[PDB]
Every structure is written in C-alpha cells, then in structure tokens.
Ligand SMILES: CC[C@H](/C=C(/C)[C@@H]1C[C@@H](OC)C[C@H](O)C(C)(C)[C@@]2(O)O[C@@H](C[C@@H](OC)[C@H](O)C(=O)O1)C[C@@H](OC)[C@H]2O)CO
Ligand SMILES: Nc1nc2c(ncn2[C@@H]2O[C@H](COP(=O)(O)OP(=O)(O)OP(=O)(O)O)[C@@H](O)[C@H]2O)c(=O)[nH]1
Ligand SMILES: Nc1nc2c(ncn2[C@@H]2O[C@H](COP(=O)(O)OP(=O)(O)O)[C@@H](O)[C@H]2O)c(=O)[nH]1
Ligand SMILES: [Mg+2]
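Chains as they are written, first to last, in the numbering used here: chain U, 1 to 128; chain H, 1001 to 1431; chain B, 2001 to 2431.
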C-alpha cells in the first residue's frame, strides 16, 4: 500500500538521501583536503589553524558514522524490497567505496609522482 | 662569519644602544678609540659579528644611529664611545615629532628614511653573510615607533630572508610617561607583527621593580636600567660571538621560539642579579640560576607569566657548568610546574651553552619566554586605545599628518586578533 | 687492506669526532703532528713525509665548530679540505639541512669523499656521526645518505646517532626533525646505533660516581664504544669481526636496524681496586638495564640479536660459559631466533686517555643489541610528533623552506608502519 511506499521512502531519506548526505560530507571533506594545500594559512591571524583542526577531526569521524548507518539502511531496504540498491551502474555502497578509493588512490599516486620527481631531481643533480 | 647590523632609533633606542656598545666593546677588549687590547684570541677572532675592522687595529661597530632630530645622537657623540662610531653612520634630520607616530612614519620619516637605508645597504654590502638586523627602539616614541616601524618594513622588502629582531620598550601598566601612548604603540604593532621575526618586550616599570627589590638599589638611573638591558642583549648573541657546547644561532632561536608567525613576542629575563650587599651569601649554581630565571619577579616585561602558559622557553647559559646540571634542572622545572606549560608541546625548553661568561660572572643565563600571559599587555593597550579613540582624543594630531582614520580601526583589528590568538592557544588542548 | 671512512656531521658529530680521533691517535701512538715517534691503514693515510692523515670528513654548516678544530690541538692532523664548513647553520630545521642549505654544500662534500675513497684499496664502509634533531646532523645527513648510497650501493653504511632521549631537552622542534630523518634513513642506512645522552648521565652518576659531566667526557665514553667496534679491524683477535658482518648478525629484517649499545665495565679507579672485573662479571653487567646507553628498559621487550665484542684478556671458554648463563637467565628472546649471540674477541685491551675519568681495565665488553623494546621509544617519539603536528606548531618553518606539508604525513605514516613492524616481530611466531 501507499504506507509501505512511504515507509521505504523514509528509509531512502535515511539511505538514498543518507548517501547524498555522505556525499555532501565527503565533498566538504575534499574541500578541506584542497584548502589544506594553501600554505598562506600558516599566518593564522584568526587562529584559523585550530578551527581547521577541529573540523578536520569532525569530518574524519562523520564519514565513518554515515557509512556504518548506510550499511544497515541498505540492508533494510533490500530486505524490504528485492531491487538491488544501486544507481548509475553502481551499488550505492560500492559508490561510497568508489569515491573513497578514487581519492585515496589519486592522493597516493600524486604523492608517488612527486616522490619520483624528487628522485629524478636528485638524479639530475648527481649528473650535473 | 655571519654579520649583524645594529640599528638604533629614537632617543631611547640610542641611549640604550650607547650602553650596549659599551658592553660589547668591553667584552671584546675594544677601548674607546676602537683599538684592540683584549686578552683572549676569541675576543678578536669572531669580532666580525659586530665590528668592522676598518684599518690598522681600529674596529668600527657596524651600527646605525637614527633620529628625527639632534640633541640625542649629539650627546652620544659627546660620550665615552662617541668616537668609536663612524660619523657617516649618524643619520638624523632637523625636526621633531613629539610622540607623533604619524610624523615618524609619514610626513617626517618618509624623508629621513631615504638616506638611512642607503647606509644600511652599504653596511650590508660590507658583510659576507648577513645574519640579520637588530633594532633597538621604544614603543610610543615618535621616532622609535614611527621610524622604527617604517624601517622594519623597508628592510624586509630587500632582505626578506634575514632575521630581524627588535628590543622594543613597551608601555607601562602603571604610570604612563606619554599621553598618546595607546595610539602610537598600537599603530606600531599593527605593522610590527607582520614584519619583525621576533621581538622582545622590555618594560621600564618591571625594571624598576627589579632594581628596588632584587638589586637593592635606591637610585635606579636610566643608565643602570639600560645596562641591565644591554646585558640581556649581549647574552642573546653570545652564541655567535663565542664558542660553546651548544651554540644557538640567532635564527635557531627564532625556530624554537616561534610556533606560529605573528606570535613572536617574548619576555626576557636574566640571572644572576644579586646585589653586592648579599653576593657573599650566594652559591651561584645551575639551580640558583634557574630559580631566578623562572621567578616571575625577574621578568623584564611587565606581565605576570603566572597567569599564562609558556609556549616555549629558551635558556642560554654562559660560562662553565655541566650539561647534566642544566638539562636535569630544566626538566625539573617542567615537571614540577607542568601546569604552566602548554600541553601541546612536549619539551617546552630550548637550551644553549656558551663557554664565555660575562665579565665577573662565572655563571650566567638569559631567559627568553614565550608566554601567553603577554596577552595581558596587549589587552591593556587595546582597552586604553579604544577608550581614547572613541572620544576621538587627539586624533587631529594624526589626521593632520595625512593619516587615514581607517588605519586606526585596522590597527585595532590586528591588536584584538592578536589577543584572541593568545587566548585560543592559552587554553586549547590536545584532545 | 681494510679501510674505513668516517664522517662527522654537525655539532655533535664533529665534537664526538674530536674525542674519537683523539683516542685513535693515542691507541696507535700517533702524535698530534701526525707523527709516529702496523695497523694504521684503515683510518690513516701516509703522506710524502710519512705523516699520518686520518680519513674523515667533517661537515658543519656552522663554521664555529670546525674553527674550534682548526685552531685546536689536533689542527695538524687534518688536511684542510677535510674540514668543510658552511656560512649559516640549519637552525634545527631539517628542511634547511636537506633542501635549501645543505643542497649547496653536499656537492663539495661528496667530491671530497670520493677523492678520499679513491685512495682506498678496499673500502669496508662508512661511519657517519650525527644527531637527530640537529638541523645539520638530521637534515644534512639525510641528504648525504641519499646520495652516498648511489655511488656506493654495496658499501657498509653504519651510523651513530644521538637519539632525542625521552626526558631531555636541548631543542623543541626535535621530534619533527627526528622523524623526518628517520623516514629517509630507513631506506639507505645499513645499521644505526642509538645513544641517549640521558642514559649516559645516569651512568656517569652511578657507575663513574661523578657529577657534573659535559660533552667533554660524555663523548669520551662514546668514543670507547666506537673504538671497541673498529678495534676488530685495527688489531688481531681470536675472533675478528669485519664491519660487513654486523649486518648479518644484527639485522634480520631490512627496515629494522637500530641496535642499542652498551659498554662495560664503566667504573672509577676507586671501585676498581675493590672489584674483580672477571669475564663473567662484565658479561653480566652488559645485560643489567641500568647500564644501557639508551633509555629503554630492555625487559619490556625481547631480544632479536646481540653482539658481543670482547677486548683484552679474555678466554673463549669463559666467554662461552658466561653466555650460556645469560641464556639461562629467563632475558627473553624472540622465537625467530635460536642463537642470538655473535661474539668477537680482540687481543688489544682497552686503553685510557690521560686526564680521563675512566679506570683502565684488563678487559672490556662492548655490546650491540637489537631489541623489540626500542619500539617503546619510537612510540614516544611518534606521540610527541602527533601532538605538535596536530596544531601545526612550527610547521611554517619547514614549509617556508620548500618542504611539503604532506611530507610530514608521509613520514608519520611510515613511522606507524615501523612501530607495527616491531610489534609483528615480537608476536612469538607459533603454529
Ligand atoms: C617555572 C616558571 C615560573 C613559574 C613559577 C610558578 C615559579 C616556580 C618556582 O621557581 C621555579 C618557585 C620557586 O621554586 C621558589 C618556591 C623557591 C620561590 O622562588 O618562589 C617565589 C614565588 C614563585 O611564584 C609563586 C616565583 O615567583 C615563581 O615564579 O615561581 C618566591 C621565592 O622567594 C624566595 C621562592 O619561594 C615563571 O617563570
Ligand atoms: N653526546 C653529545 N650530544 C650532543 C653534542 N652536541 C650536541 N649534542 C646533542 O645533539 C642534539 C643537537 O644537535 P646538534 O648536533 O647540536 O645540532 P647540529 O647538527 O649542529 O644542527 P644545527 O645546529 O641545527 O645546524 C641535542 O640532542 C644535543 O644534546 C655532543 O658533543 N655530544
Ligand atoms: N629604558 C629606557 N627607556 C627610555 C630611555 N629614554 C627614553 N625612554 C623611554 O622611551 C619612551 C619615550 O620615547 P623616546 O625614545 O624618548 O621618544 P622618541 O625619541 O620619539 O622615540 C618612554 O617610555 C621612556 O620612558 C632610556 O634611556 N632607557
Ligand atoms: Mg650546529
């Protein structure tokens, strides 16, 4: 009935939109990852660095909280409905992991890239 | 070797500097004529740090003296060591600025500075490795603050990678000896913060207390007060001038004392300060020294560190002593009084040891504390500042010099944020 | 012939070197003028006049230190170009030591080293002396090792280092510099020897029964350890141990290579007269926590590998007996090891330096020890780092020198892994 449709809708608010909330939190997280690169912030006229640190820690906790919630909400959904909970060709929990690893691997890669550049710089100087 | 340029600015600055150079010359065996008559090869060996061996055996302290008007620098030249200085390093105008910061940093100073810097450049050119600059100036002084501030900015412009430090004389919490202090001081700080790498705060008020108490003096003449200050200054750079066990380069001090740019204000201290009437009832041990160094009553800045925490402390020792004594003793301090140190930083103490004692003091030490209690000073200033500012008190003496009122509001903004910063870190915790 | 190149970096590295070479000369009868009024060709080269020239390179961005050497007693023992100096030090800033300052010197250094290496008939390896925390020691060495390993990928890379002791001071930005160095050290060093100044003080107090020690005798103790190691090359023994064998007999897993060190029997003549320092006696002393040169109570972990170096009047069978007893002492060893004892014996007894504070003995034992207990120290270090890094204290000093903020993260990450490694080793492998 309509009530059941609304029930899974509320689940989706805690699940489907819950993922969107995770993604929004995730986006913000990425914004902190970006902002962190601006060395000018060391001149923290307003105590900015302390403020930033608090927020960084907060997000580090939030992303896990939301993921654990979603693990239960997606289970509820798939128990309440046969349709696999996926969108745009990927399961929502896979999507969570996808972006996570996207960032992870990219960050790791970029690090390694620069490591290599340093190794090549070192080589160059030895050749010089 | 590495070289330091000593700039003196304002009546105060020059008077202090005069005493400073007296002290330094004494330590290196340099007489009033600039002739070397030292005993140790060390005195001469690294003399380059300050003096420029002109010719023959005549050494010329590389110092620059600046004032907006004569009658100050003149008296310096008439003094015992006036002739030790090279005439061409006396740069001054023919106009005053009765504690008119605006004049010092604008309508008058803007003219004088055009010279000054040229001399600075020449002096820096004669250096092999320009360590940095030292500025002796007094806050609130039309020259000291006005020109002082100006010069600092101008120098960084051309020497951004050098260490700049100053020994400012700050406002007194008690009776003010100027009327428009708050203004001048605030205006100076507004820019000072964003320039100078580290600066020391010394307050005549505190010095008087020390003299009347610890030194058992009854006639604390400014010359004596300056002498005390000079001693502190010389201690700071002993590591450059002399060999030791743990030499601490001026730059190094900055590194272990400043955790965040902007937060670079320090409270200086010095030991031993025992009065001659009681020197015979002393032991002069590493413990004794630390007792004095961490005694709030021996703070040369008029603040009470007891109400704050130390972000970091530097301790520079001179003469002879064991490494064991020093390290262990400093540890004891942190352990016994851990509540006075900021938990964010493990090991809040930096130490250094030079093997060359002050003349007559087998053991001596200087104390540089980065305490959050300094906030107090700035707080006081801001409060007094707004009290006057909101009444537009005497602003016409600044507005009339082409100063934009907005500059005052900006100055306040910086000041208040400075306070906030200290307040945040004051009680910020690891978890 | 077996040859070895010593490298001394920074205040500590150099100052320690002074003590070392002082000792080397004594043991070989070499007089300050390089004169010898047959085992020298390891540390010394022969010049046209026969004069001995020690094989080492001294590097210190702070010319002061080297100047002490240049004007010291042993100024005649060094080929000028072995004393490489900078103009400005690293101010306890790894980034200066590695990226911005050391960068401009390292080329010279390596060239000098190469020329020295080219005098060799068979280089065994290098002995690098430095301190963690020292901008030069820490920062510069990092760079140095990075490049030495390229030219000499197969030479032994030994180093001695002062490990910022848990409860001491000296510098504030230590844990930063320390970790930053470690992070790179792990990829080039073959074996590092950890020494704590803190621990040594304790030893001076309890074993030597003295008070008020300085680097002038703290280093002397250290030099005894160094001698003990290289004595193997320099003198005939029952069981000579080439430097190469220290890898095999100490490291059991690449990333782990931080042996601790000790040295028995430290003692004043006062007690020497009242005590029979037998082989067994001494051997036991080496395993008494109190006598370790590192502030780490070995009982907290297990032993991975021990190496004993006996000097002087010892008897193989007695040594074996002593060790067997040690094995009995239910001192824990990891299951991964079934032996744990590699022993060298050198006929040349310990000597004694005129004016020293250590009694001469007929026999002595130097012990190197790889133990999981060290993990504690690493944890402490990492913890301190975390606290400072969180707020980003002093970080701007590194970033301003071109260091990448992420680089700190990287280093920390690796350190976490390192600690974990130790944990895994001590798992007590069992089906
Ligand atoms: C450690 C840094 C330091 C902070 C503190 C609290 C330190 C701790 C200790 O000194 C290291 C005190 C010290 O051990 C003493 C008791 C011998 C003593 O010196 O304390 C003071 C009063 C004390 O403040 C109460 C002092 O002013 C002070 O500053 O104390 C009276 C004095 O009369 C002879 C004597 O009784 C600030 O730099
Ligand atoms: N045992 C011993 N330790 C020393 C000596 N000199 C310095 N240290 C220790 O080394 C550390 C400081 O590093 P230093 O070697 O002084 O620094 P540096 O390598 O000269 O680097 P910068 O001065 O920063 O350029 C501290 O832990 C000191 O206690 C010494 O002669 N003997
Ligand atoms: N310690 C010390 N303070 C001084 C000396 N001369 C002036 N002052 C202080 O400096 C401030 C006045 O500034 P001053 O340098 O004379 O003015 P300026 O010439 O315009 O810079 C006041 O706080 C005075 O107490 C001195 O020789 N020693
Ligand atoms: Mg050094």
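Built from N, CA and C at the ideal position, the CB exists for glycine as well.
Checking the DSSP bridge columns, you'll see residue 1136 (chain H) partnered with H:1008, H:1167.
The set of residues whose C-beta lies within less than 6 Å of a heavy atom of ligand 3 reads, in chain order, H:1010, H:1011, H:1012, H:1015, H:1016, H:1099, H:1138, H:1140, H:1141, H:1142, H:1143, H:1144, H:1169, H:1177, H:1204, H:1222, H:1225, H:1226. Chain order is used for the residues whose beta-carbon lies nearer than 6 Å to a heavy atom of ligand 1, namely H:1291, H:1294, H:1295, H:1296, H:1297, H:1305, H:1306, H:1333, H:1337, H:1340. Contact annotation, residue 1309 (chain H) with residue 1340 (chain H): C-beta distance approximately 6 Å; criterion of less than 8 Å satisfied. With the rule of 3 Cβ pairs closer than 8 Å, the stretch 1337 to 1356 of chain H does not count as touching the stretch 1206 to 1219 of chain H.
The beta-carbon distance between residue 1356 (chain H) and residue 1238 (chain H), rounded to whole angstroms, is 7 Å. This is short enough to meet the 8 Å contact definition. Here the stretch 2143 to 2155 of chain B lies against the stretch 2120 to 2133 of chain B, with 3 or more beta-carbon pairs under 8 Å apart. Within the stretch 41 to 61 of chain U, the residues whose Cβ lies closer than 7 Å to any Cβ of chain H are, in chain order, 42, 43, 44, 45, 46, 47, 50. Following the DSSP letters along the chain, one finds residue 2178 (chain B) inside the alpha helix (DSSP H) bounded by residues 2174 to 2185. By the neighbour-count criterion, in which 16 or more other beta carbons inside 10 Å mark a residue as buried, residue 1129 (chain H) falls on the exposed side. A straight line joining the alpha-carbon of residue 1217 (chain H) with that of residue 1314 (chain H) spans about 28 Å.
Taking 7 Å as the cut-off, the C-beta of residue 1082 (chain H) does not count as close to any heavy atom of ligand 4.
If you ignore the 5 residues before and after residue 2041 (chain B), its C-beta comes within less than 6 Å of the C-beta of 2001, all in its own chain and listed in chain order. Relative to the non-hydrogen atoms of ligand 2, the Cβ of residue 2006 (chain B) never comes closer than 7 Å to any of them.
Taken in chain order, the complete beta strand (DSSP E) segments of 3 or more residues contained in the stretch 2083 to 2107 of chain B are 2083 to 2085. In terms of beta-carbon proximity, residue 1195 (chain H) stays away from the interface with chain B, with every pair separated by 8 Å or more. Among the CB atoms of chain H, none fall inside 8 Å of the CB of residue 2032 (chain B).
Cβ neighbours of residue 73 (chain U) within its own chain (closer than 8 Å, five residues either side excluded): 11, 14, 15, 18. Around residue 2104 (chain B), no beta-carbon contact reaches into chain U at under 9 Å, the shortest distance being about 11 Å. From the listed residues H:1335, H:1133, H:1139, H:1232, the smallest Cα separation to residue 1190 (chain H) is found for H:1139. Against chain B, the CB of residue 1323 (chain H) has a partner CB under 8 Å away; the residue lies at that interface. Counting only unbroken stretches of 3 or more residues, the beta strand (DSSP E) elements lying wholly within the stretch 2265 to 2322 of chain B are 2303 to 2312, in sequence order. With respect to the 8 Å criterion, residue 2372 (chain B) and residue 2315 (chain B) are not classified as neighbours on the basis of their beta carbons. Residue state for residue 2239 (chain B) is assigned as strand, using DSSP reduced to three classes. Beta bridge pairing from DSSP links residue 1271 (chain H) with H:1365.
Below the 9 Å Cβ cutoff, chain U contributes no neighbours of residue 2159 (chain B), its closest Cβ being approximately 20 Å away. Per DSSP, reduced to three states, the secondary structure at residue 2120 (chain B) is coil, with no helix or strand assignment.
Burial check for residue 2220 (chain B): the Cβ neighbour count within 10 Å reaches 16 or more, so the residue is buried. Segment contact: the stretch 2318 to 2336 of chain B against the stretch 2275 to 2287 of chain B, three or more CB-CB distances shorter than 8 Å; contact assigned. Annotated three-state conformation of residue 2125 (chain B) is strand, per DSSP. The Cβ neighbour count for residue 1264 (chain H), taken over all protein chains shown within 10 Å, is at least 16; the residue is labelled buried. Relative to the Cα of residue 1015 (chain H), the nearest Cα in the group H:1005, H:1073, H:1257, H:1364 belongs to H:1073.
Inclusion of residue 2065 (chain B) in the 7 Å shell around ligand 4 follows from its C-beta lying nearer than that to a non-hydrogen atom of the ligand. Taking the CA atoms as reference points, residue 2067 (chain B) sits about 29 Å from residue 2175 (chain B). Proximity of chain U to residue 1262 (chain H) at the Cβ level (cut-off 9 Å) is accounted for by 43, 44, 45, in chain order.
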